[PDB]
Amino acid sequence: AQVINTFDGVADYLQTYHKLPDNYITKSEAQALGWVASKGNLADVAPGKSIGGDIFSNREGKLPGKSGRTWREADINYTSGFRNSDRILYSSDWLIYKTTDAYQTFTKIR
């Protein structure tokens, strides 16, 4: 399928199909195919793919917590080279947030 890697496209997809679009791969899988983060070679070893799907630990506790709730994150607006500061955060009960400032602040988008 065509790459879906925008906040709205990914958010719609997450809530509609309850999974990430096909162009997302976790850090481990990316590493299993050759990704070396400081080389910024993800597009080389995994064309059209973005890092996403890993557990997000909400270390600073800015996203809302709840008994039974875990979070996951995915890279947004990524194509190739070194990673950026844009992420989409989606929970097990399908709450969607984003950040555009490397996890300093968050906005509820769903």
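Residue numbers run from 1 along the displayed sequence.
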property: Higher-scoring stretch by recorded Cα B factor average, 69-77 or 27-35; result: 27-35
property: Entry-level comparison of average CA B-factors, 12-20 and 83-91, reporting the higher stretch; result: 12-20
property: Where the record places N41 (Cα B-factor, split into thirds across the chain); result: highest
property: Among modelled residues of the same chain, the CA temperature factor third for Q104; result: middle
